[PDB]
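A.B. asks: The structure's right below; bear with me while I get my questions together.
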Amino acid sequence: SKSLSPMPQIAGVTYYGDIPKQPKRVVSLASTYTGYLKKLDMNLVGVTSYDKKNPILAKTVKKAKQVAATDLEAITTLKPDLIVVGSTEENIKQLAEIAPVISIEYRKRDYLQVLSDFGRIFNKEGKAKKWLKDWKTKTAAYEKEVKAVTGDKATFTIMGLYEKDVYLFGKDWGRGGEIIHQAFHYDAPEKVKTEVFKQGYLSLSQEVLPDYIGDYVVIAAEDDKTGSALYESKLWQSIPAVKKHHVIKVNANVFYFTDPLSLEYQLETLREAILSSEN
Ligand SMILES: [Cl-]
Ligand code: NA
Ligand code: NA
Ligand SMILES: [Zn+2]
Ligand SMILES: [Zn+2]
Ligand SMILES: [Zn+2]
């Protein structure tokens with residue numbers, strides 16, 4: 001009985017059932033996408049734990065219930081007309097019995113394309129287009145502002161800390177890489193381009209970190225103590241970028257994401273942090 005989405009065929013997008021064009025009660029089970037749906041003025045009745053822990057996005061979804069993909073009863077009771085999942089979810093069959101499902105395979109469309117793709121699915125092209133135009137202009141302007149500080153050839157490395165582990169990231173695996181490498185067009189060290197960019201991420205032992213850091217490093221973490229032992233180490237303190245105060249420590253609870261709401265916060269945060277590196 002719902003007016004239907006035109007359900008365009010788009011790389012990475014799979015539809016289960018007849019997707020509504022104008023869903024009124026959306027459950028997002030994919031934190032990668034929740035804020036895209038919010039930007040397009042969807043009514044989110046269910047979101048994920050990650051969404052509730054995202055201090056920027058959470059402010060806009062207070063009325064949504066936190067749910068996990070296993071919460072068949074809670075999701076049913078929310079009476080959704082659309083469920084959104086990532087393609088690695090394992091109970092899509094059961095979810096699609098509750099409501100139509102859109103399943104997205106990560107990385108098939110880039111962080112900007114995802115928004116315009118949802119614009120086509122929901123006939124919200126104008127909202128997507130306006131946001132994307134503003135983003136293009138603003139990021140070009142900000143690229144000039146930050147390269148006025150660093151120079152145009154400065155290298156950046158994206159890093160994240162989790163538990164006792166260290167990771168590097170490329171241009172399209174979160175942690176600020178989309179803004180640093182795609183929006184600001186900062187280069188990365190050669191070793192990062194060669195070893196990290198294709199896969200998107202790389203597990204590293206701490207002792208080799210100096211070899212992967214050039215001018216600047218952006219480091220994501222979920223709490224301000226995860227990195228404490230690393231930061232006090234002689235190894236870390238030996239790195240030229242560290243000596244120069246070219247370390248930018250960011251809050252992973254928002255910096256994991258690439259939705260428009262998270263990005264707006266990240267963009268201003270990174271712009272200000274690059275300026276502040278020269279205080
Ligand atoms: Cl932050
Ligand atoms: Na966590
Ligand atoms: Na500023
Ligand atoms: Zn129950
Ligand atoms: Zn550029
Ligand atoms: Zn400096």
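Within each chain, counting starts at residue 1; across the structure tokens, chains are named A, B, ... in the order shown, with ligands numbered 1 upward in that order.
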Leaving out stretch 196-204 of chain A and any residue of its chain fewer than 5 positions from it, which residues lie within 9 Å of it when counting only C-alpha atoms, given as a ChimeraX atom specification?
C.D. replies: /A:165-173,191,209
A.B. asks: The selected residues should be written to file as a PDB file, in the first residue's frame (atoms: N, CA, C and O atoms).
C.D. replies:
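selection.pdb written:
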ATOM      1  N   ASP A 165      45.840  -1.801  20.566  1.00  0.00           N
ATOM      2  CA  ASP A 165      46.220  -1.894  19.171  1.00  0.00           C
ATOM      3  C   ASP A 165      46.305  -0.526  18.500  1.00  0.00           C
ATOM      4  O   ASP A 165      45.608   0.431  18.868  1.00  0.00           O
ATOM      5  N   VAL A 166      47.123  -0.477  17.452  1.00  0.00           N
ATOM      6  CA  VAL A 166      47.307   0.705  16.625  1.00  0.00           C
ATOM      7  C   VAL A 166      46.995   0.333  15.175  1.00  0.00           C
ATOM      8  O   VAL A 166      47.403  -0.725  14.676  1.00  0.00           O
ATOM      9  N   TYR A 167      46.298   1.240  14.486  1.00  0.00           N
ATOM     10  CA  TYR A 167      45.933   1.060  13.087  1.00  0.00           C
ATOM     11  C   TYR A 167      46.260   2.332  12.310  1.00  0.00           C
ATOM     12  O   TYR A 167      46.125   3.435  12.843  1.00  0.00           O
ATOM     13  N   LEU A 168      46.601   2.154  11.028  1.00  0.00           N
ATOM     14  CA  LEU A 168      46.599   3.259  10.083  1.00  0.00           C
ATOM     15  C   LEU A 168      45.397   3.114   9.169  1.00  0.00           C
ATOM     16  O   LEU A 168      44.913   2.009   8.935  1.00  0.00           O
ATOM     17  N   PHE A 169      44.981   4.246   8.596  1.00  0.00           N
ATOM     18  CA  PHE A 169      43.846   4.290   7.677  1.00  0.00           C
ATOM     19  C   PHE A 169      44.207   5.130   6.452  1.00  0.00           C
ATOM     20  O   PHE A 169      45.123   5.964   6.483  1.00  0.00           O
ATOM     21  N   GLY A 170      43.461   4.870   5.374  1.00  0.00           N
ATOM     22  CA  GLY A 170      43.638   5.580   4.129  1.00  0.00           C
ATOM     23  C   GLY A 170      42.671   6.744   3.986  1.00  0.00           C
ATOM     24  O   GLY A 170      42.423   7.503   4.920  1.00  0.00           O
ATOM     25  N   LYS A 171      42.176   6.924   2.755  1.00  0.00           N
ATOM     26  CA  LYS A 171      41.322   8.056   2.420  1.00  0.00           C
ATOM     27  C   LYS A 171      39.834   7.774   2.586  1.00  0.00           C
ATOM     28  O   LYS A 171      39.037   8.705   2.446  1.00  0.00           O
ATOM     29  N   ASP A 172      39.447   6.514   2.844  1.00  0.00           N
ATOM     30  CA  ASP A 172      38.048   6.142   2.775  1.00  0.00           C
ATOM     31  C   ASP A 172      37.689   5.043   3.761  1.00  0.00           C
ATOM     32  O   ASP A 172      36.880   4.163   3.445  1.00  0.00           O
ATOM     33  N   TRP A 173      38.243   5.116   4.971  1.00  0.00           N
ATOM     34  CA  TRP A 173      37.935   4.161   6.025  1.00  0.00           C
ATOM     35  C   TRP A 173      37.718   4.895   7.347  1.00  0.00           C
ATOM     36  O   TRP A 173      37.981   4.332   8.427  1.00  0.00           O
ATOM     37  N   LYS A 191      54.936   5.437   2.211  1.00  0.00           N
ATOM     38  CA  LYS A 191      54.674   4.128   2.783  1.00  0.00           C
ATOM     39  C   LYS A 191      53.194   3.939   3.103  1.00  0.00           C
ATOM     40  O   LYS A 191      52.683   2.829   3.041  1.00  0.00           O
ATOM     41  N   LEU A 209      55.832   2.851  13.956  1.00  0.00           N
ATOM     42  CA  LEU A 209      55.046   4.052  13.662  1.00  0.00           C
ATOM     43  C   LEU A 209      55.871   5.188  13.062  1.00  0.00           C
ATOM     44  O   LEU A 209      55.379   5.882  12.175  1.00  0.00           O
TER      45      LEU A 209
END
A.B. asks: Can you work out which residues are within 10 Å of ligand 3, considering only C-alpha atoms and all ligand atoms, and then hand them over as JSON, numbers by chain?
C.D. replies: {"A": [145, 146, 268, 269, 270, 271, 272, 273, 274, 275, 276]}
A.B. asks: Take the residues that were just selected and, keeping N, CA, C and O atoms, output them as a short mmCIF file (atom, residue, chain, number, x, y, z; two decimals), in the first residue's frame.
C.D. replies:
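And here is the file that came out, part_24.cif:
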data_model
loop_
_atom_site.label_atom_id
_atom_site.label_comp_id
_atom_site.auth_asym_id
_atom_site.auth_seq_id
_atom_site.Cartn_x
_atom_site.Cartn_y
_atom_site.Cartn_z
N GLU A 145 42.54 27.43 3.23
CA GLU A 145 42.85 27.97 4.54
C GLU A 145 43.90 27.11 5.25
O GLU A 145 44.80 27.64 5.92
N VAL A 146 43.76 25.78 5.20
CA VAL A 146 44.67 24.92 5.95
C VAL A 146 46.02 24.81 5.24
O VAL A 146 47.07 24.80 5.91
N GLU A 268 35.07 21.40 10.80
CA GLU A 268 35.45 22.56 11.59
C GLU A 268 36.53 22.19 12.61
O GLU A 268 37.46 22.96 12.84
N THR A 269 36.41 21.00 13.21
CA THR A 269 37.39 20.55 14.19
C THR A 269 38.79 20.43 13.57
O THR A 269 39.78 20.89 14.16
N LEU A 270 38.89 19.80 12.40
CA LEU A 270 40.18 19.61 11.74
C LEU A 270 40.74 20.95 11.26
O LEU A 270 41.95 21.18 11.36
N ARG A 271 39.90 21.81 10.68
CA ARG A 271 40.36 23.14 10.27
C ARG A 271 40.97 23.87 11.46
O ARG A 271 42.08 24.40 11.40
N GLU A 272 40.23 23.93 12.57
CA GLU A 272 40.73 24.62 13.75
C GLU A 272 41.99 23.97 14.29
O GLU A 272 42.89 24.67 14.76
N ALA A 273 42.08 22.64 14.26
CA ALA A 273 43.24 21.94 14.80
C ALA A 273 44.49 22.23 13.98
O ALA A 273 45.59 22.39 14.53
N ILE A 274 44.37 22.29 12.65
CA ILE A 274 45.53 22.61 11.84
C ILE A 274 45.98 24.04 12.14
O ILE A 274 47.18 24.31 12.32
N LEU A 275 45.05 24.98 12.23
CA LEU A 275 45.45 26.33 12.62
C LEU A 275 46.13 26.33 14.00
O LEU A 275 47.17 26.98 14.23
N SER A 276 45.57 25.60 14.95
CA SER A 276 46.10 25.57 16.31
C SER A 276 47.48 24.95 16.45
O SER A 276 48.18 25.19 17.43
#
A.B. asks: For the interface of chain A with ligand 4 (cut-off 12 Å, counting only C-alpha atoms and all ligand atoms), please tabulate each contacting residue of chain A alongside its nearest pair of atoms and their separation in Å to one decimal, rows sorted by chain and increasing number, as JSON lines.
C.D. replies:
{"residue": "A:71", "atom": "CA", "partner": "ligand 4", "partner_atom_place_in_ligand_line": "1 (Zn)", "distance": 9.2}
{"residue": "A:72", "atom": "CA", "partner": "ligand 4", "partner_atom_place_in_ligand_line": "1 (Zn)", "distance": 9.3}
{"residue": "A:73", "atom": "CA", "partner": "ligand 4", "partner_atom_place_in_ligand_line": "1 (Zn)", "distance": 6.3}
{"residue": "A:74", "atom": "CA", "partner": "ligand 4", "partner_atom_place_in_ligand_line": "1 (Zn)", "distance": 7.5}
{"residue": "A:75", "atom": "CA", "partner": "ligand 4", "partner_atom_place_in_ligand_line": "1 (Zn)", "distance": 11.0}
{"residue": "A:76", "atom": "CA", "partner": "ligand 4", "partner_atom_place_in_ligand_line": "1 (Zn)", "distance": 10.8}
{"residue": "A:77", "atom": "CA", "partner": "ligand 4", "partner_atom_place_in_ligand_line": "1 (Zn)", "distance": 10.0}
A.B. asks: Which residues are near ligand 1 - at most 10 Å, using only C-alpha atoms and all ligand atoms? Format: as a PyMOL selection string.
C.D. replies: chain A and resi 55+176+219-222+248-255+265-266+268-270+273
A.B. asks: If you run DSSP on the backbone, which residues of stretch 52-269 of chain A are helix (DSSP H, G or I), as an MDAnalysis selection string?
C.D. replies: chainID A and resid 52 57:60 72:77 92:98 113:121 125:150 177:183 190:195 206:212 228:232 234:237 240:243 252:255 260:269
A.B. asks: Report, in Å to a single decimal, how far apart atom CA of residue A:129 and atom CA of residue A:27 are.
C.D. replies: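 Between atom CA of residue A:27 and atom CA of residue A:129 the gap works out to 24.0 Å.
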A.B. asks: Please list as a ChimeraX atom specification every residue within 12 Å of residue A:59, counting only C-alpha atoms and excluding residues in the same chain fewer than 4 positions away.
C.D. replies: /A:35,38,51-55,63-64,261-262
A.B. asks: Report as a list in words which protein, DNA and RNA residues come within 8 Å of ligand 5, using only C-alpha atoms and all ligand atoms.
C.D. replies: residues 140, 143, 183, 184, 185 and 186 of chain A
A.B. asks: Give me, as a list in words, all polymer residues having an atom no more than 9 Å from residue A:6, counting only C-alpha atoms and skipping those fewer than 5 positions away in the same chain.
C.D. replies: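 Residues meeting the cut-off are residues 19, 20, 21, 120, 121, 122 and 123 of chain A.
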A.B. asks: Any chance you could export the current selection's N, CA and C atoms as a PDB file, in the first residue's frame?
C.D. replies:
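Contents of the output file result38.pdb:
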ATOM      1  N   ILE A  19      10.620  -1.087  -1.367  1.00  0.00           N
ATOM      2  CA  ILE A  19      11.063   0.038  -0.570  1.00  0.00           C
ATOM      3  C   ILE A  19      10.086   1.190  -0.712  1.00  0.00           C
ATOM      4  N   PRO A  20       9.625   1.826   0.390  1.00  0.00           N
ATOM      5  CA  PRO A  20       8.792   3.022   0.263  1.00  0.00           C
ATOM      6  C   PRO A  20       9.623   4.215  -0.215  1.00  0.00           C
ATOM      7  N   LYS A  21       8.982   5.102  -0.985  1.00  0.00           N
ATOM      8  CA  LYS A  21       9.626   6.342  -1.400  1.00  0.00           C
ATOM      9  C   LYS A  21       9.758   7.338  -0.249  1.00  0.00           C
ATOM     10  N   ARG A 120      18.296   9.681  -4.791  1.00  0.00           N
ATOM     11  CA  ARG A 120      17.583   9.005  -5.877  1.00  0.00           C
ATOM     12  C   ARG A 120      16.583   7.992  -5.332  1.00  0.00           C
ATOM     13  N   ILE A 121      16.951   7.256  -4.288  1.00  0.00           N
ATOM     14  CA  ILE A 121      16.078   6.229  -3.732  1.00  0.00           C
ATOM     15  C   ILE A 121      14.802   6.835  -3.146  1.00  0.00           C
ATOM     16  N   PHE A 122      14.937   7.970  -2.471  1.00  0.00           N
ATOM     17  CA  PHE A 122      13.825   8.586  -1.758  1.00  0.00           C
ATOM     18  C   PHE A 122      13.271   9.833  -2.466  1.00  0.00           C
ATOM     19  N   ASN A 123      13.684  10.098  -3.697  1.00  0.00           N
ATOM     20  CA  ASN A 123      13.231  11.283  -4.419  1.00  0.00           C
ATOM     21  C   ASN A 123      13.449  12.535  -3.562  1.00  0.00           C
TER      22      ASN A 123
END
A.B. asks: Using only C-alpha atoms and all ligand atoms, which residues have at least one atom no more than 9 Å from ligand 6? Output them as a ChimeraX atom specification.
C.D. replies: /A:149-150,215-216,241,244-246,274,277-279
A.B. asks: Write out the residues from the selection above, keeping N, CA, C and O atoms, as a PDB file, in the first residue's frame.
C.D. replies:
ATOM      1  N   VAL A 149      48.618  27.377   6.018  1.00  0.00           N
ATOM      2  CA  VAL A 149      49.380  27.137   7.238  1.00  0.00           C
ATOM      3  C   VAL A 149      50.511  26.138   6.966  1.00  0.00           C
ATOM      4  O   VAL A 149      51.671  26.352   7.323  1.00  0.00           O
ATOM      5  N   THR A 150      50.140  25.000   6.358  1.00  0.00           N
ATOM      6  CA  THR A 150      51.032  23.852   6.300  1.00  0.00           C
ATOM      7  C   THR A 150      51.910  23.837   5.055  1.00  0.00           C
ATOM      8  O   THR A 150      52.889  23.078   5.017  1.00  0.00           O
ATOM      9  N   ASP A 215      54.599  14.866   8.052  1.00  0.00           N
ATOM     10  CA  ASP A 215      54.408  16.191   8.627  1.00  0.00           C
ATOM     11  C   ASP A 215      53.402  16.211   9.782  1.00  0.00           C
ATOM     12  O   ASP A 215      53.674  16.850  10.795  1.00  0.00           O
ATOM     13  N   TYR A 216      52.239  15.578   9.591  1.00  0.00           N
ATOM     14  CA  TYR A 216      51.138  15.605  10.537  1.00  0.00           C
ATOM     15  C   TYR A 216      50.573  14.197  10.733  1.00  0.00           C
ATOM     16  O   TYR A 216      50.594  13.365   9.829  1.00  0.00           O
ATOM     17  N   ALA A 241      57.026  14.884  13.906  1.00  0.00           N
ATOM     18  CA  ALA A 241      55.699  15.492  13.941  1.00  0.00           C
ATOM     19  C   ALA A 241      55.258  15.740  15.382  1.00  0.00           C
ATOM     20  O   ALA A 241      54.538  16.692  15.667  1.00  0.00           O
ATOM     21  N   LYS A 244      57.100  18.775  16.827  1.00  0.00           N
ATOM     22  CA  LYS A 244      56.652  20.005  16.189  1.00  0.00           C
ATOM     23  C   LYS A 244      55.220  20.373  16.604  1.00  0.00           C
ATOM     24  O   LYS A 244      54.676  21.381  16.147  1.00  0.00           O
ATOM     25  N   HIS A 245      54.542  19.500  17.371  1.00  0.00           N
ATOM     26  CA  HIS A 245      53.154  19.735  17.756  1.00  0.00           C
ATOM     27  C   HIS A 245      52.195  19.613  16.577  1.00  0.00           C
ATOM     28  O   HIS A 245      51.229  20.362  16.480  1.00  0.00           O
ATOM     29  N   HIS A 246      52.486  18.646  15.703  1.00  0.00           N
ATOM     30  CA  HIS A 246      51.668  18.361  14.533  1.00  0.00           C
ATOM     31  C   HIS A 246      50.858  17.079  14.722  1.00  0.00           C
ATOM     32  O   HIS A 246      50.570  16.366  13.767  1.00  0.00           O
ATOM     33  N   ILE A 274      44.368  22.292  12.653  1.00  0.00           N
ATOM     34  CA  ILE A 274      45.527  22.611  11.836  1.00  0.00           C
ATOM     35  C   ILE A 274      45.984  24.039  12.136  1.00  0.00           C
ATOM     36  O   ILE A 274      47.181  24.312  12.318  1.00  0.00           O
ATOM     37  N   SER A 277      47.890  24.117  15.489  1.00  0.00           N
ATOM     38  CA  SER A 277      49.185  23.480  15.520  1.00  0.00           C
ATOM     39  C   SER A 277      50.304  24.514  15.482  1.00  0.00           C
ATOM     40  O   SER A 277      51.429  24.170  15.809  1.00  0.00           O
ATOM     41  N   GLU A 278      50.002  25.752  15.080  1.00  0.00           N
ATOM     42  CA  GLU A 278      50.967  26.833  14.996  1.00  0.00           C
ATOM     43  C   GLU A 278      50.765  27.869  16.092  1.00  0.00           C
ATOM     44  O   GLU A 278      51.278  28.987  15.969  1.00  0.00           O
ATOM     45  N   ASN A 279      50.090  27.481  17.190  1.00  0.00           N
ATOM     46  CA  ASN A 279      50.042  28.309  18.379  1.00  0.00           C
ATOM     47  C   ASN A 279      51.357  28.263  19.175  1.00  0.00           C
ATOM     48  O   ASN A 279      52.189  27.356  18.917  1.00  0.00           O
TER      49      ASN A 279
END
A.B. asks: What lies within 10 Å of residue A:127 using only C-alpha atoms, ignoring chain neighbours under 4 positions off, as a list in words?
C.D. replies: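 Answer for this query is residues 39, 40, 41, 115, 116, 119, 123, 131 and 132 of chain A.
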A.B. asks: Please produce a file of those selected residues containing N, CA, C and O atoms, as a PDB file, in the first residue's frame.
C.D. replies:
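Once written, again_4.pdb looks like this:
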ATOM      1  N   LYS A  39      20.064  13.614   7.584  1.00  0.00           N
ATOM      2  CA  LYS A  39      20.259  14.798   6.761  1.00  0.00           C
ATOM      3  C   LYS A  39      19.139  14.932   5.730  1.00  0.00           C
ATOM      4  O   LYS A  39      18.748  16.042   5.376  1.00  0.00           O
ATOM      5  N   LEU A  40      18.634  13.811   5.224  1.00  0.00           N
ATOM      6  CA  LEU A  40      17.537  13.840   4.267  1.00  0.00           C
ATOM      7  C   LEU A  40      16.169  13.865   4.943  1.00  0.00           C
ATOM      8  O   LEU A  40      15.155  13.653   4.275  1.00  0.00           O
ATOM      9  N   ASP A  41      16.132  14.200   6.237  1.00  0.00           N
ATOM     10  CA  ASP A  41      14.900  14.476   6.979  1.00  0.00           C
ATOM     11  C   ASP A  41      14.027  13.238   7.126  1.00  0.00           C
ATOM     12  O   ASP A  41      12.807  13.339   7.177  1.00  0.00           O
ATOM     13  N   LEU A 115      25.194   9.862  -0.361  1.00  0.00           N
ATOM     14  CA  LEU A 115      24.112  10.819  -0.113  1.00  0.00           C
ATOM     15  C   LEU A 115      23.244  11.008  -1.353  1.00  0.00           C
ATOM     16  O   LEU A 115      22.013  10.978  -1.271  1.00  0.00           O
ATOM     17  N   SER A 116      23.870  11.274  -2.498  1.00  0.00           N
ATOM     18  CA  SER A 116      23.076  11.456  -3.705  1.00  0.00           C
ATOM     19  C   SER A 116      22.347  10.178  -4.107  1.00  0.00           C
ATOM     20  O   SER A 116      21.240  10.257  -4.658  1.00  0.00           O
ATOM     21  N   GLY A 119      19.336  10.188  -2.205  1.00  0.00           N
ATOM     22  CA  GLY A 119      18.468  11.158  -2.859  1.00  0.00           C
ATOM     23  C   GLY A 119      17.665  10.539  -3.995  1.00  0.00           C
ATOM     24  O   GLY A 119      16.475  10.850  -4.165  1.00  0.00           O
ATOM     25  N   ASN A 123      13.684  10.098  -3.697  1.00  0.00           N
ATOM     26  CA  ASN A 123      13.231  11.283  -4.419  1.00  0.00           C
ATOM     27  C   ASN A 123      13.449  12.535  -3.562  1.00  0.00           C
ATOM     28  O   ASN A 123      12.564  13.390  -3.501  1.00  0.00           O
ATOM     29  N   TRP A 131      23.201  20.120  -0.389  1.00  0.00           N
ATOM     30  CA  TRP A 131      24.213  19.834   0.613  1.00  0.00           C
ATOM     31  C   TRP A 131      25.567  19.574  -0.051  1.00  0.00           C
ATOM     32  O   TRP A 131      26.606  20.078   0.387  1.00  0.00           O
ATOM     33  N   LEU A 132      25.564  18.781  -1.122  1.00  0.00           N
ATOM     34  CA  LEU A 132      26.798  18.424  -1.809  1.00  0.00           C
ATOM     35  C   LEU A 132      27.474  19.645  -2.445  1.00  0.00           C
ATOM     36  O   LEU A 132      28.699  19.760  -2.445  1.00  0.00           O
TER      37      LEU A 132
END
A.B. asks: Given only C-alpha atoms and all ligand atoms as the basis, pick out the residue of A:98, A:104, A:161, A:84 nearest to ligand 2.
C.D. replies: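 Closest candidate: A:161.
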A.B. asks: Quick one, how far is atom CA of residue A:4 from atom CA of residue A:93?
C.D. replies: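 Taking atom CA of residue A:4 and atom CA of residue A:93, their separation equals 20.3 Å.
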A.B. asks: Could you tell me which of A:96, A:83, A:108, A:223 comes closest to ligand 2 if we count only C-alpha atoms and all ligand atoms?
C.D. replies: A:223
A.B. asks: Got a sec: who's within 8 Å of residue A:257, counting only C-alpha atoms, leaving out chain neighbours fewer than 4 positions off, as a short mmCIF file (atom, residue, chain, number, x, y, z; two decimals) with C-alpha atoms, in the first residue's frame?
C.D. replies:
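Output file out.cif follows:
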data_model
loop_
_atom_site.label_atom_id
_atom_site.label_comp_id
_atom_site.auth_asym_id
_atom_site.auth_seq_id
_atom_site.Cartn_x
_atom_site.Cartn_y
_atom_site.Cartn_z
CA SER A 31 25.76 3.58 11.91
CA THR A 32 27.66 4.21 8.68
CA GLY A 174 36.85 6.82 8.49
CA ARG A 175 38.84 8.45 11.33
CA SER A 262 29.37 13.99 11.70
CA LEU A 263 31.33 15.53 8.81
#
A.B. asks: Skip residue A:65 itself and residues of its chain fewer than 2 positions away, then list as an MDAnalysis selection string all residues within 7 Å of it, counting only C-alpha atoms.
C.D. replies: chainID A and resid 45:47 63 67
A.B. asks: Kindly save the residues from that selection, with C-alpha atoms included, as a PDB file, in the first residue's frame.
C.D. replies:
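Everything below was put into part-v1.pdb:
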ATOM      1  CA  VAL A  45      12.530   5.551  15.157  1.00  0.00           C
ATOM      2  CA  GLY A  46      15.426   3.135  15.796  1.00  0.00           C
ATOM      3  CA  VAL A  47      19.209   3.634  15.622  1.00  0.00           C
ATOM      4  CA  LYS A  63      13.458  10.060  20.242  1.00  0.00           C
ATOM      5  CA  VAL A  67      18.289  -1.384  18.793  1.00  0.00           C
TER       6      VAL A  67
END
A.B. asks: As an exercise, work out the distance from atom CA of residue A:12 to atom CA of residue A:25 in Å and give it to one decimal place.
C.D. replies: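 We find that atom CA of residue A:12 and atom CA of residue A:25 lie 23.3 Å from each other.
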A.B. asks: Select, from A:48, A:195, A:9, A:3, the residue with the minimum atom-to-atom distance to ligand 2, counting only C-alpha atoms and all ligand atoms.
C.D. replies: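 Using only C-alpha atoms and all ligand atoms, ligand 2 sits closest to A:48.
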